[PDB]
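J.: Got a structure for you, start.txt, holding compact mmCIF, C-alpha atoms.
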```txt
# COMPACT_ATOMS: atom_id res chain seq x y z
CA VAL R 2 0.00 0.00 0.00
CA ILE R 3 1.09 3.57 -0.93
CA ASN R 4 -0.25 5.93 1.78
CA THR R 5 2.59 8.31 2.78
CA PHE R 6 2.97 12.01 1.79
CA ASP R 7 5.93 11.30 -0.47
CA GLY R 8 4.74 7.88 -1.80
CA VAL R 9 1.38 9.42 -2.85
CA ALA R 10 2.81 12.81 -4.06
CA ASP R 11 5.22 10.95 -6.43
CA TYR R 12 2.61 8.41 -7.68
CA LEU R 13 0.36 11.40 -8.45
CA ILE R 14 3.11 13.20 -10.38
CA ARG R 15 4.05 10.11 -12.37
CA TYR R 16 0.61 8.56 -12.92
CA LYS R 17 -1.66 11.61 -12.66
CA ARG R 18 -4.06 9.74 -10.35
CA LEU R 19 -4.10 8.12 -6.95
CA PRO R 20 -2.75 4.66 -6.23
CA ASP R 21 -5.22 1.76 -6.07
CA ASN R 22 -5.88 1.81 -2.32
CA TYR R 23 -7.98 5.03 -2.55
CA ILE R 24 -11.74 5.46 -2.97
CA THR R 25 -14.02 8.53 -3.04
CA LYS R 26 -16.37 9.19 -0.16
CA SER R 27 -19.31 8.12 -2.40
CA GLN R 28 -17.53 4.81 -3.10
CA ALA R 29 -16.80 4.28 0.64
CA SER R 30 -20.43 5.02 1.61
CA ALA R 31 -21.58 2.53 -1.16
CA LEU R 32 -19.56 -0.17 0.64
CA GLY R 33 -21.05 0.72 4.05
CA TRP R 34 -18.80 3.41 5.56
CA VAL R 35 -20.40 5.47 8.22
CA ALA R 36 -18.17 8.28 9.38
CA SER R 37 -19.42 8.12 12.95
CA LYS R 38 -18.76 4.46 13.33
CA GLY R 39 -15.14 4.71 12.02
CA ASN R 40 -15.53 1.46 10.08
CA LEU R 41 -13.71 2.11 6.77
CA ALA R 42 -11.01 -0.48 7.32
CA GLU R 43 -13.74 -3.03 8.04
CA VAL R 44 -16.01 -2.34 5.06
CA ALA R 45 -13.12 -1.52 2.65
CA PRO R 46 -10.06 -3.34 3.93
CA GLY R 47 -6.70 -1.71 3.05
CA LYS R 48 -8.49 1.35 1.55
CA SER R 49 -8.18 5.06 2.31
CA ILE R 50 -10.50 7.87 1.36
CA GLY R 51 -9.12 10.17 -1.43
CA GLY R 52 -9.99 11.66 -4.83
CA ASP R 53 -12.76 14.03 -3.80
CA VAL R 54 -12.95 17.60 -4.92
CA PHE R 55 -11.53 19.99 -2.34
CA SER R 56 -13.30 23.37 -2.53
CA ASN R 57 -10.64 25.73 -1.01
CA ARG R 58 -13.49 27.88 0.42
CA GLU R 59 -11.26 29.49 2.99
CA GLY R 60 -8.75 30.40 0.29
CA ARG R 61 -5.80 28.83 2.14
CA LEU R 62 -4.26 27.36 -1.03
CA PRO R 63 -3.43 29.46 -4.07
CA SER R 64 -6.33 30.13 -6.45
CA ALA R 65 -5.77 30.35 -10.20
CA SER R 66 -8.11 30.59 -13.16
CA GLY R 67 -9.16 27.07 -14.06
CA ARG R 68 -7.45 25.38 -11.10
CA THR R 69 -9.31 22.79 -9.10
CA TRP R 70 -8.05 20.85 -6.10
CA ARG R 71 -8.56 17.27 -4.89
CA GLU R 72 -7.65 15.69 -1.54
CA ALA R 73 -6.50 12.37 -0.14
CA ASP R 74 -6.09 10.93 3.40
CA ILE R 75 -2.47 10.09 4.30
CA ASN R 76 -1.23 7.57 6.88
CA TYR R 77 -4.69 6.02 7.37
CA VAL R 78 -4.70 2.42 8.66
CA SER R 79 -8.00 1.83 10.50
CA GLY R 80 -10.62 3.31 12.77
CA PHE R 81 -11.64 6.96 12.62
CA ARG R 82 -10.00 9.12 9.93
CA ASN R 83 -6.81 11.00 11.04
CA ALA R 84 -5.89 14.61 10.42
CA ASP R 85 -3.30 14.05 7.62
CA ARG R 86 -4.17 14.89 4.01
CA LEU R 87 -2.55 15.55 0.63
CA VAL R 88 -4.26 18.42 -1.36
CA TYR R 89 -3.35 18.54 -5.08
CA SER R 90 -4.32 20.84 -7.93
CA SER R 91 -5.20 20.37 -11.55
CA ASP R 92 -1.85 21.97 -12.40
CA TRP R 93 -0.04 19.66 -9.95
CA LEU R 94 0.94 21.85 -6.96
CA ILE R 95 0.89 19.49 -3.92
CA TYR R 96 0.39 20.67 -0.32
CA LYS R 97 0.17 18.59 2.88
CA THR R 98 -1.77 19.26 6.05
CA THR R 99 -1.16 17.55 9.39
CA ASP R 100 -3.75 19.47 11.34
CA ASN R 101 -6.84 18.71 9.44
CA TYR R 102 -6.69 21.68 7.03
CA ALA R 103 -5.75 24.36 9.56
CA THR R 104 -2.38 24.85 7.77
CA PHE R 105 -0.75 23.67 4.56
CA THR R 106 2.88 23.14 3.44
CA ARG R 107 3.88 22.90 -0.24
CA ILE R 108 5.70 19.71 -1.07
CA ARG R 109 5.66 19.56 -4.88
```
Is it possible to give me this structure as C-alpha cells?
T.:
Amino acid sequence: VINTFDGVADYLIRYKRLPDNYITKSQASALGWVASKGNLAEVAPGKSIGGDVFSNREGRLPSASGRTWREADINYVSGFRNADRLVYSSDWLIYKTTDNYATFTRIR
C-alpha cells in the first residue's frame, strides 16, 4: 500500500491519479462506511479515502483561473479518519496538512 505524503505525491506526479488503495467518499459510503462508526477499514479493507474535490473555500491554497483541487487521506490504517491529508491541484501543486486543514505546506 502507498499511503505516505511522499509515496502518494510521487505516484500522483508520475501517474496523474491516486494509487489503487484510494476510494471517493461516495464509493466508501456505497460499501457501508459510516463516518461516525469509524468502520472504513472493516467495510473496505486496506483502503483510504481520497480523490474528492476539495473546494478551497477558505482560500488557504493558491487560487488560479481554471485550477481545481482534490484531496486524499495520508497515513490512514484503521478506525476513525486521522488529520493528515494531501491536497493537489489540476496543475499539480501538492500541499500537505497535518492538522486537518488548519495549515498547509507545499511539497511539490
J.: Please measure the separation of atom CA of residue 41 of chain R and atom CA of residue 81 of chain R, giving the value in Å to one decimal.
T.: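 Separation between atom CA of residue 41 of chain R and atom CA of residue 81 of chain R: 7.9 Å.
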J.: Just checking: using only C-alpha atoms, which residue out of R:101, R:46, R:26, R:19 ends up closest to residue 5 of chain R?
T.: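 Among the listed residues, R:19 lies closest to residue 5 of chain R.
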J.: Using all atoms listed in the file, pick whichever of R:35, R:94, R:73, R:62 has the shortest atom-to-atom distance to residue 14 of chain R.
T.: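 Of all the options, R:94 lies closest to residue 14 of chain R.
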J.: Got a sec: who's within 9 Å of residue 9 of chain R, counting only C-alpha atoms, leaving out chain neighbours fewer than 2 positions off, as a list in words?
T.: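 In the requested format, the answer is residues 3, 4, 5, 6, 7, 11, 12, 13, 14, 19, 20, 73, 75 and 87 of chain R.
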J.: Work out how far apart atom CA of residue 102 of chain R and atom CA of residue 86 of chain R are and give it in Å to one decimal.
T.: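 Between atom CA of residue 102 of chain R and atom CA of residue 86 of chain R the gap is 7.8 Å.
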J.: Taking (-6.1, 5.6, 7.5) in the coordinates of the supplied file, I want to know which residues reach to within 12 Å of it, counting only C-alpha atoms; could you give the answer as a ChimeraX atom specification?
T.: /R:2-5,22-24,39-43,45-51,73-86
J.: Neighbourhood query: residues within 12 Å of (4.6, 21.3, -11.1), file coordinates, counting only C-alpha atoms; return as a PyMOL selection string.
T.: chain R and resi 10-11+13-15+17+89-96+107-109
J.: In Å, with one decimal, what is the gap from atom CA of residue 54 of chain R to atom CA of residue 16 of chain R?
T.: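 That distance, rounded to one decimal, is 18.2 Å.
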J.: If you count all atoms listed in the file, which residues fall within 12 Å of residue 56 of chain R, apart from same-chain ones fewer than 4 positions away, as a PyMOL selection string?
T.: chain R and resi 60-64+68-72+88-90+102
J.: Let me see the file: selected residues, C-alpha atoms, as a PDB file, in the coordinates of the input.
T.:
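This went into selection.pdb:
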```
ATOM      1  CA  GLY R  60      -8.750  30.400   0.290  1.00  0.00           C
ATOM      2  CA  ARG R  61      -5.800  28.830   2.140  1.00  0.00           C
ATOM      3  CA  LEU R  62      -4.260  27.360  -1.030  1.00  0.00           C
ATOM      4  CA  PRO R  63      -3.430  29.460  -4.070  1.00  0.00           C
ATOM      5  CA  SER R  64      -6.330  30.130  -6.450  1.00  0.00           C
ATOM      6  CA  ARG R  68      -7.450  25.380 -11.100  1.00  0.00           C
ATOM      7  CA  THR R  69      -9.310  22.790  -9.100  1.00  0.00           C
ATOM      8  CA  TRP R  70      -8.050  20.850  -6.100  1.00  0.00           C
ATOM      9  CA  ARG R  71      -8.560  17.270  -4.890  1.00  0.00           C
ATOM     10  CA  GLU R  72      -7.650  15.690  -1.540  1.00  0.00           C
ATOM     11  CA  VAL R  88      -4.260  18.420  -1.360  1.00  0.00           C
ATOM     12  CA  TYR R  89      -3.350  18.540  -5.080  1.00  0.00           C
ATOM     13  CA  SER R  90      -4.320  20.840  -7.930  1.00  0.00           C
ATOM     14  CA  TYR R 102      -6.690  21.680   7.030  1.00  0.00           C
TER      15      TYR R 102
END
```
J.: Restricting the calculation to only C-alpha atoms, which member of R:18, R:103, R:8, R:97 is positioned closest to residue 59 of chain R?
T.: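 Nearest candidate to residue 59 of chain R out of R:18, R:103, R:8, R:97: R:103.
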